[PDB]
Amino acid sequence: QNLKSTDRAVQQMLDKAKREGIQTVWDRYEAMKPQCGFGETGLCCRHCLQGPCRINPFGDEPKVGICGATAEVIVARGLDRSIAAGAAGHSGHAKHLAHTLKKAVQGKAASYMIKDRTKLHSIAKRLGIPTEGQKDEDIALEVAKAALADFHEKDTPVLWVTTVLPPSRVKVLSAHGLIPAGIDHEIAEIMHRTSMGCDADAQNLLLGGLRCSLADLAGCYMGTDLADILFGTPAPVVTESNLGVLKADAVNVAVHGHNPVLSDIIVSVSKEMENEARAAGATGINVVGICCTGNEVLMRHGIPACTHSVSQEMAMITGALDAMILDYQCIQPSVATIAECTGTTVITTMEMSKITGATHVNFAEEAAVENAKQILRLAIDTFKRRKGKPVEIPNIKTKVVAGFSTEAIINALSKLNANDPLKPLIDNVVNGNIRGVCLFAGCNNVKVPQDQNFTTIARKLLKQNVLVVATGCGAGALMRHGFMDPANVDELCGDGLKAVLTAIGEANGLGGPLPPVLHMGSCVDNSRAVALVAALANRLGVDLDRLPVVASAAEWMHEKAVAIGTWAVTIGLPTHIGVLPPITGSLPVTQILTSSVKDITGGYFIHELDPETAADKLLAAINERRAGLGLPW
């Protein structure tokens, strides 16, 4: 099983699934091999009913699509549509939160409210919305209206791009025509230009993709902003992760998906029905997190994280998962069929994300609390049904310190320098105690033994004094392997980084260091990392493509992750990816994405499947940035 996952709890459930005959994501992957080489290389097009068209990577015909589309065009069109789909996911998420905030402050959804007034006012100031003499609900109404207006064309560009990046970066992007005009406008324009008989120039197509990736960045940043207003900005929290957080004696309820508009309510309501859970023979309701919805409630409430991404089915294989409450994105639809064998109640809640065989509960913000009680009562029933059955919960979990929003990081640094909090961090970059910053982001992918790239790369970077931050299932991988436990700082961290994490931790009255890796939240919360390094850029008076900052989507899978990697490149970052996207069938497209885009944005993709090589390449990228600043390395 260690060829499938490096997580020992996942390995134990893989053994249980095998002897019980339950097919897993790894079994379905094995049944897919050999995968189609045209699709893997990107040399396949189905954009019209004259297709499907394919191009042989090498050899004889077919050499060109039926309409005349070249390899370069077919590859760039497919990539562009992946970016648009990712942008559609992150901005559907943000749009939902914008409608929720509007409903809350219009008196139409009383379970939601302005919880972070300070964040509301700073966002309003950032957008140019007046606050002086204005009532909070009216400021919030204007912020929500501004968020919805960024989805379409108007007299301004997308403000959740132009107001969140360094001004010099906005100017570079504007010069190349890369600033999005509207989030859904850009998504639709990608879909149009990539349809048959439209854009057929690789460079033109890819420039469109870069602009659409910034529409995705806007949706991410808007989602984080709105979630913080509604549910609170995260601050440091202590909790646990991996399958051992399940409790045989409790009603185990997983929140799974991305949008915490309902799961945040699930968390608060579950506390109230403790006695009702006790009446059925449970110690209580044990809410646990899967994927990014789990990250959201981990960051804000310390809800323990059960598992992530590729291994999500193994939480049900324990026999102890009474309910899985789903919203949307990254949910393997296999969970609906596996539920028949494991007894889990799988519940969908969102109109546009249903799974055949799962029970649906039509969540509405107006009725959020009643929905949560109906959902939780289905879980309590399910706990009752497994009275006196054996469950196999692996006795495996790690300690997780998390909650490092950008505000929290700045506050932590402010204990070393009250009026200039970023300066202690920059001081330690300059003197070499911090070599640079690496963001780990994105998914697991069944093609890669689960977590192997994240942990192998993180171990090498930490030894070399890199400050490592992480989001989404990159944070999930690192948390499940102990990288968010401060007890492991001595083992994992170079002496310079250890010195800095210790100094910051001791100044925050901890008696010990910050954890080896800083958990910055969910996938939309990659926007928090942007806010941090944008602040660092603005304090140094340089653009992002001069900072020693890199990103690694080390095991990425989802179209959302392709969007994120692409806007990481667009805002100027060297961006490692650990699974090749379908681009190798066009050398000109590969060359743009790995080399010549540097001349446009200063960022670039680093394609490297071998994680030890990837770490060396990321260190090289960091050290080159150090040299360009005249720093030793």
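All residue numbers refer to positions in the sequence shown, first residue = 1.
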With respect to the recorded C-alpha B factors, which stretch has the higher mean value, 151-159 or 283-291? 283-291
Identify the stretch, either 467-475 or 388-396, whose C-alpha atoms have the larger mean B-factor according to the entry. 388-396
Candidate set 366, 451, 559, 296 [ranked by C-alpha B-factor, highest]: 366
Compare the CA B factors listed in the entry for 329, 224, 311, 270 and report the winner. 270
Select lowest, middle or highest to describe the third in which the CA B-factor of residue 379 falls within its chain in this entry. highest
Record-listed C-alpha B factor of residue 595: chain third: highest
Quick check for you: using the entry's CA B-factors within this chain, is residue 112 in the lowest, middle or highest third? highest
Relative to the other modelled residues in the chain, which third contains the C-alpha temperature factor of residue 371: lowest, middle or highest? highest
Residue 351 - Cα temperature factor, lowest/middle/highest third of chain: highest
